[PDB]
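Student: I'd like to ask some things about the structure below.
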Amino acid sequence: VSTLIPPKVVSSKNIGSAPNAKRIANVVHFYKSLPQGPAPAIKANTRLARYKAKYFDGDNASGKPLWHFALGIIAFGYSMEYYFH
Amino acid sequence: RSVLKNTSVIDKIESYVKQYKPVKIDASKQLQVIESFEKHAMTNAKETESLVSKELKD
């Protein structure tokens with residue numbers, strides 16, 4: 001008998017629907033992320049950070065410092081051999 | 001009217017039709033209520049139109 005009006009009721013609609021939560025989630029997820037690996041600070045030196053940079057990053061990751069640390073125990077007690085026996 | 005030779009009523013109901021020749025007028029009475037409905041409609045419409053124009057660029 002009259003004009004019905006659901007073309008323009010998106011005003012208080014855009015809270016209730018389910019991907020609104022994902023939309024408001026990832027507009028918050030996307031702003032403070034650094035763009036392209038920026039602010040990396042790829043070099044730092046504290047007399048042993050170079051040891052981590054050469055040995056303990058994701059790139060090198062080989063067991064050799066263990067080997068070095070193995071030799072460290074080989075370096076340790078054998079000298080104590082020369083202190084004891 | 002010239003069909004009925006014994007006429008006697010055709011001028012009567014002729015005058016009855018010409019009496020009710022101002023038959024009855026219509027109503028475009030709505031100039032207070034219909035403006036209210038289009039006011040609510042245009043309000044919701046401009047709100048939604050500007051909102052989706054913002055949300056597309058967002």
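Following the order of the structure tokens, first chain is A, next is B, and so on, with residues numbered from 1 inside each chain and ligands from 1 in the order they appear.
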Write out as an MDAnalysis selection string every residue belonging to chain B that has an atom at most 12 Å from any atom of chain A, counting only C-alpha atoms.
Tutor: chainID B and resid 34 37:38 40:52 55 58
Student: Any chance you can output those residues with N, CA and C atoms as an mmCIF file, in the first residue's frame?
Tutor:
```
data_model
loop_
_atom_site.group_PDB
_atom_site.id
_atom_site.type_symbol
_atom_site.label_atom_id
_atom_site.label_comp_id
_atom_site.auth_asym_id
_atom_site.auth_seq_id
_atom_site.Cartn_x
_atom_site.Cartn_y
_atom_site.Cartn_z
ATOM 1 N N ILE B 34 3.598 12.896 2.660
ATOM 2 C CA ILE B 34 4.437 12.294 1.641
ATOM 3 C C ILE B 34 5.814 12.943 1.644
ATOM 4 N N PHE B 37 7.692 11.078 4.409
ATOM 5 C CA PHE B 37 8.233 9.784 3.992
ATOM 6 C C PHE B 37 9.435 9.933 3.061
ATOM 7 N N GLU B 38 9.390 10.883 2.116
ATOM 8 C CA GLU B 38 10.581 11.072 1.286
ATOM 9 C C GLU B 38 11.719 11.723 2.059
ATOM 10 N N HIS B 40 12.493 10.961 5.328
ATOM 11 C CA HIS B 40 13.146 9.812 5.962
ATOM 12 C C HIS B 40 13.910 8.973 4.945
ATOM 13 N N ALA B 41 13.332 8.803 3.750
ATOM 14 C CA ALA B 41 13.978 8.010 2.711
ATOM 15 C C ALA B 41 15.260 8.668 2.216
ATOM 16 N N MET B 42 15.214 9.970 1.941
ATOM 17 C CA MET B 42 16.395 10.666 1.451
ATOM 18 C C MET B 42 17.459 10.780 2.532
ATOM 19 N N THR B 43 17.047 10.854 3.804
ATOM 20 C CA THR B 43 18.008 10.868 4.903
ATOM 21 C C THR B 43 18.788 9.562 4.969
ATOM 22 N N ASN B 44 18.066 8.429 5.011
ATOM 23 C CA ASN B 44 18.724 7.121 5.034
ATOM 24 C C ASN B 44 19.535 6.884 3.765
ATOM 25 N N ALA B 45 19.055 7.416 2.637
ATOM 26 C CA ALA B 45 19.734 7.231 1.365
ATOM 27 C C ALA B 45 21.060 7.968 1.327
ATOM 28 N N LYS B 46 21.079 9.238 1.740
ATOM 29 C CA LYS B 46 22.327 9.995 1.716
ATOM 30 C C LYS B 46 23.317 9.464 2.742
ATOM 31 N N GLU B 47 22.813 8.990 3.894
ATOM 32 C CA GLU B 47 23.686 8.355 4.880
ATOM 33 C C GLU B 47 24.355 7.113 4.312
ATOM 34 N N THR B 48 23.577 6.241 3.665
ATOM 35 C CA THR B 48 24.131 5.017 3.095
ATOM 36 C C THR B 48 25.060 5.319 1.922
ATOM 37 N N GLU B 49 24.696 6.309 1.102
ATOM 38 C CA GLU B 49 25.476 6.655 -0.080
ATOM 39 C C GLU B 49 26.838 7.218 0.292
ATOM 40 N N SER B 50 26.884 8.113 1.284
ATOM 41 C CA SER B 50 28.174 8.626 1.725
ATOM 42 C C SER B 50 28.963 7.586 2.505
ATOM 43 N N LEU B 51 28.271 6.713 3.249
ATOM 44 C CA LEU B 51 28.950 5.685 4.022
ATOM 45 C C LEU B 51 29.663 4.685 3.122
ATOM 46 N N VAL B 52 28.996 4.205 2.068
ATOM 47 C CA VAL B 52 29.654 3.233 1.200
ATOM 48 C C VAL B 52 30.726 3.887 0.342
ATOM 49 N N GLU B 55 33.586 3.811 2.733
ATOM 50 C CA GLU B 55 34.047 2.457 2.992
ATOM 51 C C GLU B 55 34.693 1.804 1.783
ATOM 52 N N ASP B 58 38.167 3.294 1.899
ATOM 53 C CA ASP B 58 38.863 2.742 3.055
ATOM 54 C C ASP B 58 39.360 1.328 2.775
#
```
Student: What are the closest atom pairs, with distances in Å to one decimal, for each residue of segment 8-50 of chain A lying within 12 Å of segment 57-68 of chain A, using only C-alpha atoms, rows by chain and rising residue number, as CSV?
Tutor:
```
residue,atom,partner,partner_atom,distance
A:42,CA,A:57,CA,10.7
A:43,CA,A:57,CA,11.9
A:49,CA,A:57,CA,10.6
A:50,CA,A:57,CA,10.5
```
